Each structure stands twice: as structure tokens, then as C-alpha cells.
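Below, read A as the first sequence line, B as the second, and so on, with proteins coming before strands; counting in each chain starts at 1. Atoms considered below: every heavy atom in the structure, side chains included; atoms not considered: hydrogens, waters and symmetry mates.
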Amino acid sequence: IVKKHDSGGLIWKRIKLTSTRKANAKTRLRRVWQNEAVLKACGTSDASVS
Amino acid sequence: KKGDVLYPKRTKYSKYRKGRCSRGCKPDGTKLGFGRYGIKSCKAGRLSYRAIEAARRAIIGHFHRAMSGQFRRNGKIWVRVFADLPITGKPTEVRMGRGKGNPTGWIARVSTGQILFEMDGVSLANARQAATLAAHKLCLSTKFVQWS
Amino acid sequence: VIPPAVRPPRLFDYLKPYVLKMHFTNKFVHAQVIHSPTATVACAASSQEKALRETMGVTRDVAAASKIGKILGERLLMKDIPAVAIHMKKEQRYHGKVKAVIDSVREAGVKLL
Amino acid sequence: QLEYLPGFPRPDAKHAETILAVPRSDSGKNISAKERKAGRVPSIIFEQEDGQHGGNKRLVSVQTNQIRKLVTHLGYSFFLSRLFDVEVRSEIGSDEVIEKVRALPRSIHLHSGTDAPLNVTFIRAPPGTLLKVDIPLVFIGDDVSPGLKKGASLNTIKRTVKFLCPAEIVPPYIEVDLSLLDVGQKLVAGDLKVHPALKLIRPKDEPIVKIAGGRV
Amino acid sequence: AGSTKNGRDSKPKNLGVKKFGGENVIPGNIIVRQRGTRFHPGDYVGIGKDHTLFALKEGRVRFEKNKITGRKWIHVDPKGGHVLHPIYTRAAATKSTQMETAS
RNA sequence: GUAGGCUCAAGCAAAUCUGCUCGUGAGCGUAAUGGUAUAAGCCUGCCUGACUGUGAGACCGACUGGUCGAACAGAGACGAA
RNA sequence: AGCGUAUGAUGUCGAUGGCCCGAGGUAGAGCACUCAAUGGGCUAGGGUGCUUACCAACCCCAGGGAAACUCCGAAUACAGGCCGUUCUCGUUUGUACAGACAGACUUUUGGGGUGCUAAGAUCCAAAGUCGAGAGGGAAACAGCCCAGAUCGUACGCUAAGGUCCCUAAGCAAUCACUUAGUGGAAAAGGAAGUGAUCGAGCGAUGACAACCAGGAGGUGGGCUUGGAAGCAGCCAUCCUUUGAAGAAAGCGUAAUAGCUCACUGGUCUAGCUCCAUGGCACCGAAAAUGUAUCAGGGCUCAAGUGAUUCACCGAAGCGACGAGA
RNA sequence: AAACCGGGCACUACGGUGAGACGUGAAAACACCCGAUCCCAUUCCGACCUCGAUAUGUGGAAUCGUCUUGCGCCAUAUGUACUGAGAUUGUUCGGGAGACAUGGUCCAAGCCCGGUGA
Ligand SMILES: [K+]
Ligand SMILES: [K+]
Ligand SMILES: [Mg+2]
Ligand SMILES: [Mg+2]
Ligand SMILES: [Mg+2]
Ligand SMILES: [Mg+2]
Ligand SMILES: [Mg+2]
Ligand SMILES: [Mg+2]
Ligand SMILES: [Mg+2]
Ligand SMILES: [Mg+2]
Ligand SMILES: [Mg+2]
Ligand SMILES: [Mg+2]
Ligand SMILES: [Mg+2]
Ligand SMILES: [Mg+2]
Ligand SMILES: [Mg+2]
Ligand SMILES: [Mg+2]
Ligand SMILES: [Mg+2]
Ligand SMILES: [Mg+2]
Ligand SMILES: [Mg+2]
Ligand SMILES: [Mg+2]
Ligand SMILES: [Mg+2]
Ligand SMILES: [Mg+2]
Ligand SMILES: [Mg+2]
Ligand SMILES: [Mg+2]
Ligand SMILES: [Mg+2]
Ligand SMILES: [Mg+2]
Ligand SMILES: [Mg+2]
Ligand SMILES: [Mg+2]
Ligand SMILES: [Mg+2]
Ligand SMILES: [Mg+2]
Ligand SMILES: [Mg+2]
Ligand SMILES: [Mg+2]
Ligand SMILES: [Mg+2]
Ligand SMILES: [Mg+2]
Ligand SMILES: [Mg+2]
Ligand SMILES: [Mg+2]
């Protein structure tokens, strides 16, 4: 992300943290948390017949 | 020493890095080392030696005025911050690169929580008032510290 | 200065597992051949032994060191050990009793490595 | 003979609160931040005996409000030189008491800028346990001393003194009387009046305080 | 007019460890290129005139550290194990075979 | 080069030696860095390998080229080895 | 050299992960060396008049700054061995054909150097995008966010981002906060609005606010001094009678005088005042063609802020159906 | 013979290295006490080292034991600094010092010679 907003002649507008953006962030967090739970549950041992 | 203005008599090298100063704290907490009252910084940043000496002069003058007779001299100050980093600069009408510029002053790098001044031999109210008077000379946010 | 810890010489091409070490006291002379990989005494001769403390008069002098060196060389050839390596301690030089033991071992027919 | 002697300071009844704790399932910056967001200070209860393998440690969390109030009311050094009752319950307001122990607060970490509590450490002190405690000094008699009546100043060299203390008779503070001090001479650590069962850890020839010569 | 008097550096020398602990070496392989004895030679390791450490036998690099002084050695553990001196193989080993075949 | 021997600098006591602390802070021609104590430093004796022809195997790398090197043949130095 | 292509010939690769294992001296930290540097305790000693508020080396204690310091010391990264996954050769190498050797921006100034901790500056490290990349979002937009366009369809699901109108989809649901159009630019500092939690102090023994009455005596303390009387200045700052009263906090007098405050009793009656953590607001805030710092309407009777929740809209992403190579 | 004791080699920082106090010279061992003729030692010197010489003297120096401790070293927190991946302009998932703090200075242990037991 660009974080330069008050210097120079090239405008990079500041992306406001709206409620919709928070909802998308929460959805992505739920996905990664479920992935982490799956990896924690499956990480105790290895599958046989190799 | 050099009386009021505090910087090293000599340094191993003349010209230093810029460095980074916006971070840094005291990871174990802070306690006063010499006095009963003190001033510590709340933020991390740079203090010039002139600002440190202005704050010290404000504390000294307040203790000299608010107390008289035999307790005027009984107030003691410790200066825990020392400007040992030289800064350089370049003059006007000079283009960008022909080597580093000449040294122009001295700064001290301050971390979050770092104790700047310590006071003893005064009352709590005079210590608070001297801390308030000294904070206006400093570009960093400070807090009054009491031994407990 | 702090004395450094004494190390055995580093291996270069071959093992050389038999090391001769000598010790001398006010009364007796000693000579031990050490098998370094097992830290066991391969062969030893001293004038403090029951079979040797009466077959010689003086058990402490240079002549006793020479006799003990000859006995150790004969015993080493009896155990089919053809060669040994010499180890001197901090104070030991090629002189006197050390020289007597080394010369008698070499004269008995044992090679020095 | 394991009682505070007559004429010596005892721990005050006003600050004799029970510290309430709930168990803590993990260690690290993550759970510590989550506990501080919930209004709790991460903690630990352990003992001296098996210092290797942990000290029979129990991880707990204490309330931020109670710790902040105790540290503000007592003072930092007075908090660390006084025994406390610690009660561990299954949750806040429950009845399943997991541990009820008399422990010394071994250390407390306050934030270097904001002075908020970040960590409190409790060491189990049953009777007959000897702890190294930094006892704060209270200086009295400075308004009676001849040295300070003449205009001289006080050089307070030490504010705490380290003592090996049985847990029963740890003094909350040591009163240092300055009344027989004129200009020039000093008090050392051997001049402190203590219980005979307390041992100085540092040498007895360590200066505590000195009235230095006032400027004529 | 300004002028800097600093414009020099030297060409890089590429010093450091070439074979770490556990790596296989053959005779002649350079283990460490160094200034002075940052690492000292151990068993089956030679040292050059510029303190370069090189393997004398085929085997694996092993590092040793002295717990008291901090001095570090590098050894080669040989692949086929230690080889006895030929004076022992000619005489002692033949008598060892006689003692084995008599038992 | 080699064989043998020796251990600095600083501080303290006595007030140059003799001892005790300490540890790389001395020295190593020459900058800096790394290294170094039965030495890579210092002293003594003899020497000239400050050789000739090669070199397994590696390290650097646009290339030109540079570096380390077990070992072989000859002729030697020092060493009881 | 590195990187592109075509065509052969070899490897059993190459890529990526797991386990095992190896040397570190960066971030951080610290003072054990070097350099820089603070306060104290001891005393050498210097110098003053036996004495010496004067400085005082060396040691000791406290304390703890550094790119070219290190008693310490990560996370990562890197080397190696073995084993998984990918089934792709993207690997190595022969032969033939190149182009290119002007780069740009973004990742907290939180990888750094230089510069002013300036630049849409400049120079290196590590990522990504553009270059050479269309599509959706960011009003408009090389370099940010999402995502890789073989072709066709008036089929479907999504990403970022949205759902009052402009403008496809919510005047969406629940619990809180703000009333500044804050949201929708700007610091030190000021002021203390409005909530949440924990304290502190005082309180029917009557607190705070209000009204009423006193606020004394030694004493005009001593010095200073034209005068200094509580109150120009220096030193002392005690005691008494008291319900209570400072050798006086303000004013005021040339100095006195006099009027208040602290303090106390009476009346009245229910809570009062300030501390801490963090929530959201206010002031500080002035530029030149025209509002011109939500894109615009308009929004607090939220369409604003924090947290929790459900549907939907939304791309050339992915699917469906049809067609190529 | 199976344990113990002494010496030599080996192992080794929880086993290292200092300080203090108390002991110990077993019918044996180690060291010292004694000398400087030969070897050797001294840029002078038996100080060190060396060669000699000790029916029994001494454990003053060293060397052995026991405790007390200092530095270290080992183990272990809790919290924090810092950091890898990831942009709710880092609301997530991991790693994790230094300084503190707490304990310990283990357990196990090979070969040869000599002595006592035998
Ligand atoms: K020479
Ligand atoms: K040759
Ligand atoms: Mg523009
Ligand atoms: Mg733009
Ligand atoms: Mg909302
Ligand atoms: Mg969404
Ligand atoms: Mg952890
Ligand atoms: Mg030599
Ligand atoms: Mg740093
Ligand atoms: Mg620090
Ligand atoms: Mg560093
Ligand atoms: Mg690997
Ligand atoms: Mg060019
Ligand atoms: Mg170019
Ligand atoms: Mg460029
Ligand atoms: Mg960057
Ligand atoms: Mg830059
Ligand atoms: Mg820039
Ligand atoms: Mg540019
Ligand atoms: Mg340019
Ligand atoms: Mg790049
Ligand atoms: Mg182009
Ligand atoms: Mg592209
Ligand atoms: Mg595009
Ligand atoms: Mg558009
Ligand atoms: Mg676009
Ligand atoms: Mg495509
Ligand atoms: Mg619509
Ligand atoms: Mg606005
Ligand atoms: Mg503002
Ligand atoms: Mg206008
Ligand atoms: Mg849909
Ligand atoms: Mg579509
Ligand atoms: Mg597609
Ligand atoms: Mg199809
Ligand atoms: Mg640690």
C-alpha cells in the first residue's frame, strides 16, 4: 500500500477505513483462522502408506 | 562539561551517521538513580544541547528564586541526558554532493521512558513546578517522576 | 600469562596409537606406553615394581632410567609393538633421565615416531 | 522466636488485601496483550526450590485495577518488600479455589513511558523461607538534626538496602533516625536497626546517608 | 570549492567458511579462507601460509569449540576411519592376524 | 631456514631486581583489521629451501589472469630424533 | 558475463517444502575493552589561616552513551545430507540468431548512506507493479488495491471496493458513542463539553455552595532603617489564650490605619471536590480567476464513529454452454 | 579377592578458576628440608631447572582432603526489546533476547604400577 499522502504532485488518495473494508478484512481473517485451525488439527501426526 | 553547553571535548570521529531515533524504549522500566524527583521522556526523539541547557537553566533559576537563604543552594540537579552526537549541515547556494558538510551542533538521542533530569533537596511542589517549567524548553513529551 | 591447555598433536596422515610417557620421582623412575584410542596402558616399566626394585641398587638415578628404558624396550618388542611416539611434559627436555630412557628404548630396537 | 520485635514496624492492616488471580493457559506476547486488553496483568506464581525446571510454576493473571491501586497506594519499593495473600480461583467471582498462598511480589514491570503494569511476579513464601528483599528506608528526625539546622544538605546515598530475610519478619521499611547527625559524619549499613535474624548481603561499610558541608 | 579526500576502498577478498559442519570434503578442498587463525587446524586439516584451512583426507567437516578459552578447531572425520602407521600394519597387524587365526 | 632456550605490557608491595594481581592491554619494519604465549614475540648456535622441474584437489572469476595446496624427482640446511 | 529464441545431446534434474545439522556478530542490549562521559564515598596530596564550607590523584559505590566499542546476542537469511510435492526440462551443455547495457514508482525516515529524519532529490539492500499488461476499485490516475484479456452469449458465482440519490446492490439488523458537518487537512499549547471504569479526600459526628458573627494576645519579634509596625529587605517563625486564628496568604498605607483570606462557631440540607486509565468532540487554523480539503447532492429524524451480524451488487478473475489453435 | 589408599595416564567447566577457615603425611606413596663434584641451569647467582643424596625429620612452600563463598559455567522462568510472514495506513499468526529473577556446582566413571587388606 502507498502511505504518502501529503507530499509531491502525484496524488495518492488516502483509502478511508470504512465499515465495508472492515467487513472484508474480517472475512479474510476468518478464512486464515480456519486454515490455521485445520493445520493445528492435522499437524499432530503424519499420514501413513507413503 | 564546558560549563553550560554540554558536548564532548573530543570525539573519535568528526562526522557521524544520521541514524534512526523515532524508536527505542527502556524494556525493563525506569527508576530514578540519584534523586527523589525527576523528568523522563514519553516519546523517542532528538534533543539539542541548547534545549537541554535551557531546561537545566529553567530548573536552576526556579530553585534559585523559589527558595532563599540556606535552602536556596540545597536543591540539587542531575542531568542524565548528554548530547554526544554531532550534526552537520551545508550552507546555501551549495549543490548536493561534494562530501559531507561541516559540523553545526550536538544532539542527544532520547528513548521512551529515558530519565532526563533528577532533583533532590526541594519540595514536591517546587519539583513539579520546575518540571513544568523545563518541559516548555523541550520538543518531546515529558512526564514528572516521583520516587516510590 | 595463563598457561594454555596442552593438546596432543593433530593427526595428519596416520594414527600412531602408541605414546611413551615418562615420570620421575625422588625414589623411582617410570615409563608408560599408552594406547591412545582405548586409553589403556599397552606396556609399562618402573623401578617401583616388585620384580625390579631389588634387581637394581639405585632406583632413582640416570642408570636406573637407562635400565628401565632397556627393560621397556625388550617388553615392547615382546608384545610385537615395533615403534612408539615420544611425549615430553612441560619440564622435560632431551637431557638426563629422559634422555637415558629414550636412548635405552631406541637402543633396545624400538623405532621412535 | 519468629515474630516482629516490639518497637519495630509491622505491615499495615490497611494494605492487607487478598490478591485475586485466575489461571493463564499460555505464555508470550500474544496472550499477554490479549490479557491486558481484557484488563488483566499476566503473572506467575513459583517457588525457590527447583529453580531449574521452573520452580513449580503456576501461570496466573491478576486484575489491572487492583495491582495499579496497590502500587500507587503503597509505593513501588513498599509493594516489593511486603508479603501478600494470593487467592487463585477458576474465574472471577467463582468458588473453585485452586491455590491460596502467602507470596512475596518478587518483581513488577511497569511500562517505561505510561507506568501501566505489564507483569507481576509472585514467589511462594511459606514460613521458614529466606528471601533476598530490598527494604526501603524511611528517614526521620531531619527536623531535629543539628546538621540540617545549620543549613547543610542531606546526601541520601541509598534508598533501599538488600537483606536476606526470613519470610515471617520481613520489615515493610526501616526507619533511619538522623537526629544525632551534625555536619560531616555519615551512617553506614551496619547502623540500621534490624531483627537479629536479618543478614546484610552487601558489606557493612556501605554509606547510607551523609550530611555534607553547607556552603558558607 | 569542496573536495572529498575519501574515495578509496579495496577489491573484495571473499573470505569466510567454504565448507560448513557436516559437509563432505575430498583432499585439497579449502574449508576456511581467513586472516589469521580465526579457526585452528584440527585432525586431518592442513594450514596454508595465509592461514587457509584445507582438508587432507576424504571425509566430513566437524567443528570443535573450547568451552574455557573460546578457541575453535576444524577437523575432518575420515570416511574409512583412521589408518594405522605402515610400521604397525607391516608388523603389528601381521602378528594380529596370527593371533586371530590362532584363535 | 632450522634446533634449543625464554615470556611480554600494565598495576601493587617493598621503593633496579625480587615477588604477587591481571590478561592481550607488549611485540610482530611499514596503514588498518584479523591473529598470535613451550608463539607468529625475544635470545643463542649453525645455515641460505630468499632451491631446480612438477603438482592431486580446491578458492576467486566476463576474459586476461590471481590464490592456497597434500604429494613426486633431484640437490641441500638445521636437528639425538 | 547475466537475461530472450530455435534446434540437438546429456542428467534425474530444476523449483518448493519438511527433518537433521553447521559458521555467525546485525537488530536489540550492555559496559567486561577503547572512546566519550554523571553523581557520590574515601583519602593521597596541593595550597589557607594544630586547623583548613577550598579543590584533591588512585581505588570503591551508584549510574550506563557509541557506524568505524563488545562481557552478550536474536528473528530471518545462507551452506550441506536425506526424504516428500510438482510430471512440468522450466536443469546442464553443443550449435545458430538476438536484443539490451538511459529505467520509474510504492513498501512509516520502521533496511540504510548523502541531503534539512526536504524533494515527484540522489545512491545501495530486499520485495512488488509499470516498463512489456488490457479488465474492476482508488472522482479523474503508468508505478497503490484486486486481478492476468484465444473467441462468442441479453447465463451463473465471486475479488478489491461498495449497497439514500448521482450509481448496480440495504432510508439493512443489534448494542454503544458524537452533535464538531467532527466525519470531509494541519503541531506545541490552551480550555474542560460529553460518556466508561478505578481510585482519593471530606460527609447526618452535618460536608460543599450560600447567609451571619469572629479571625485574637506576647508583639511595634530582632535586625535593617528617613520610616518600616503581619505584609521594601535579612534572620527567626516560637509561645499563649482559645471555638478559632499564619510572627501573615492577599491587597492596600510614606510608615501606621483599614478591608479580606487561611481558621472557627451559628443557620441551612444531600452528597461535594479532584486523581488515574484509556473513548469521542472544541480552539490553536491567513493567499492570491470561482464555492474549491466528502467528486456532487445532501446526511445528525445518520447516509458519521466503535463493535457484532445477515443478505446482495460488483472484473476480460472462476464456472456453464458453443468454437478454434 | 573385593573394596580402600598413593602415584601416572585418561574423562571434564554443575567437573573451571580464585579466597578464607579447619585438618591430613597411612609400616606405603608425593613433595620439601641437604649439597653443587660430573651432566644441566644462570646474558651474575643451585632463585628456577638439573644431577646427586635422605632407618625417617616436616606438610611451613606446594600437593591432598572437608566445609563456606567470589567470579564464571549449567539449567530455568515471567515480562519486555527486537524480529519472519501478512497491510483493518500492520486490530493476525509465529520466533524470541540482553538485563533481571530462581536453583545447582551433580550423577556416572576407564587402564597400569605400588601399598594396606590379603
Ligand atoms: K636464528
Ligand atoms: K624433496
Ligand atoms: Mg499533480
Ligand atoms: Mg492519484
Ligand atoms: Mg455503522
Ligand atoms: Mg466482502
Ligand atoms: Mg514462547
Ligand atoms: Mg622453540
Ligand atoms: Mg543498536
Ligand atoms: Mg541502555
Ligand atoms: Mg554493534
Ligand atoms: Mg535444505
Ligand atoms: Mg553504457
Ligand atoms: Mg546504465
Ligand atoms: Mg540505475
Ligand atoms: Mg525500502
Ligand atoms: Mg534515502
Ligand atoms: Mg525520497
Ligand atoms: Mg527519482
Ligand atoms: Mg534522476
Ligand atoms: Mg528489484
Ligand atoms: Mg522502452
Ligand atoms: Mg509484466
Ligand atoms: Mg492496468
Ligand atoms: Mg474509472
Ligand atoms: Mg487502474
Ligand atoms: Mg491468458
Ligand atoms: Mg440503484
Ligand atoms: Mg472537515
Ligand atoms: Mg487537531
Ligand atoms: Mg475566494
Ligand atoms: Mg452474488
Ligand atoms: Mg462478467
Ligand atoms: Mg480467463
Ligand atoms: Mg470448451
Ligand atoms: Mg536470559
Worksheet item: Knowing that exactly one of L112(C), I86(C), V33(C) qualifies, which makes a side chain to side chain contact (heavy atoms under 4.5 Å, CB included) with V105(C)?
Response: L112(C)

Fill in: Side-chain N,O (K67(E)) to OP1/OP2 (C74(H)) below 4.0 Å
no

Item to complete: Would you mind checking which groove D84(B) reaches with its side chain, taking base groove atoms under 5.0 Å?
Response: minor

Discussion item. Mind checking if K37(D) touches a base, just sugar-phosphate, or nothing, with heavy atoms under 4.0 Å?
Written reply: nothing

Worksheet item: Looking for any heavy atom pair under 4.0 Å, which part of the strands does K18(E) touch: base, sugar-phosphate only, or nothing?
Response: sugar-phosphate

Worksheet item: Using a cut-off of less than 4.0 Å, is there contact between a side-chain N or O of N14(E) and OP1 or OP2 of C59(F)?
Response: no

Practice prompt. Answer yes when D84(B) and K12(B) have at least one side-chain N-carboxylate O distance shorter than 4.0 Å, and no when they do not.
Written response: no

Worksheet item: Using a cut-off of 4.0 Å on non-hydrogen atoms, how would the nucleic acid contact of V32(A) be classed: base, sugar-phosphate, or nothing?
Response: nothing

Worksheet item: Any idea which of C112(H), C40(H), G16(H) is nearest the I68(E) side chain?
Response: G16(H)

Practice prompt. Tell me what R58(D) touches on the nucleic acid: a base, only sugar-phosphate, or nothing, going by heavy atoms under 4.0 Å.
Written response: nothing

Practice prompt. Output the single nucleotide from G113(G), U89(H), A62(G) whose closest atom is nearest the side chain of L17(A).
Written response: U89(H)

Worksheet item: Do the rings of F34(B) and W78(B) sit parallel, tilted or perpendicular, given the 30° and 60° boundaries?
Response: parallel

Discussion item. In this structure, is the centre-to-centre distance between the rings of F39(E) and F63(E) below 6.0 Å?
Written reply: yes

Worksheet item: Picking from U88(H), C55(G), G65(G), which would you name as closest to the side chain of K26(B)?
Response: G65(G)

Worksheet item: Of all the nucleotides listed (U89(H), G98(H), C112(H)), which has the minimum atom distance to the side chain of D28(B)?
Response: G98(H)

Worksheet item: Heavy atoms under 4.0 Å, any strand shown: does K1(B) hit a base, just sugar-phosphate, or nothing?
Response: sugar-phosphate

